[PDB]
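Coming up is one lone chain in structure tokens, specifically the form deposited in one PDB entry.
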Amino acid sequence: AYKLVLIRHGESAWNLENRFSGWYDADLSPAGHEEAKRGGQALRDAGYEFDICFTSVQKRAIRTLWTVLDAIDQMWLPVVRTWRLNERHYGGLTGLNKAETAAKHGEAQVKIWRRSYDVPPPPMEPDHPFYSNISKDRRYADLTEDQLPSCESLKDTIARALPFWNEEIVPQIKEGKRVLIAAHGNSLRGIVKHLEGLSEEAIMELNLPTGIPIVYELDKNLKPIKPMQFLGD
């Protein structure tokens, strides 16, 4: 059967994973970097080989991929980057911790955003410290005005990840290419949702572990033949 591996990057700098890092291009913390090395060794020890790699345009995922490729001696593999595998864009909340979020928007609204599949946070306004840093970053310059999010619901995030999966990743899998995907919790959520045909409520409950190879065994229809599996101990 086809074999697919996913890896979610680990910790980013300045505690930004607990601060709605979203589309801000936070680097890995040294610890986050160590997780990626540990995961790389798991794959080396297991003798995994890949033919193509997919990642986002965010450095925390890219450096995670680099760390894995280094560890398994396949730095020579072709690599494809796409904004479509970016983390969820958290709009105005980006960079705020939990207390600052509650203080600014209230517990009632924050709880609603947290449990909703289709409600976006408020948009990142020009007064936001990250507004121009992200919205005018040249890596998004070719994006149409509607493709470049000011904010995303989980639904929005999954909707823009899947076209890439369908058009670019699927064809590779169907040609027997062994695929590695290094991305983010919410973009990975979209792939896991489509693969296992999960429900909105179920995908919002799924919390993929970080820095750990996630292995899928798929049949000819790209349906999983078993639950996701993890590498390590």
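So that there is no doubt, residue numbering starts at 1 and follows the sequence shown. Only the largest set of C-alpha atoms that superpose within 1.5 Å between the two forms is called the rigid core.
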| query | Should the higher mean CA B-factor in the entry be assigned to 103-111 or to 84-92? | reply | 103-111
| remark: When mean C-alpha B-factors in the record are compared for 50-58 and 189-197, the larger belongs to 189-197
| request: Could you say whether, by C-alpha temperature factor, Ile7 belongs to the lowest, middle or highest third of its chain? | output: lowest
| message | Could you place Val68 in the lowest, middle or highest third of its chain by Cα temperature factor, using the values in the record? | response | lowest
| task | Consider only the C-alpha atoms of the modelled residues in this chain, order them by B-factor as the entry records it, and name the third containing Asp156: lowest, middle or highest. | result | lowest
| message | Is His184 in the lowest, middle or highest third of its chain when residues are ranked by C-alpha B-factor? | response | lowest
| task | Relative to the other modelled residues of the same chain, rank the CA B-factor of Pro224 and answer lowest, middle or highest third. | result | highest
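Keep in mind the form deposited in another entry is missing from the figure; the text below concerns it.
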| note | Of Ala71, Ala102, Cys151, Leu162, the residue whose C-alpha shifts by 2 Å or more between the shown form and the other one, after superposition on the rigid core, is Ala102
| query | Can a Cα shift of no less than 2 Å be assigned to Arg114 between the shown form and the other one, given superposition on the rigid core? | reply | yes
| query | Quick one: once the rigid core is lined up, does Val215 have its C-alpha move by 2 Å or more between the shown form and the other one? | reply | no
| field | Flag for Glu17, CA shift 2 Å or larger between the shown form and the other one after aligning core | value | yes
| said: Having a change of 3 Å or more in the C-alpha distance between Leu16 and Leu93, I'd like to know whether it is closer or farther in the other entry than in the form here. | reply: farther
| request: Tell me whether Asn207 and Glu17 end up closer or farther apart in the other entry, going by their C-alpha atoms; the shift is 3 Å or more. | output: farther
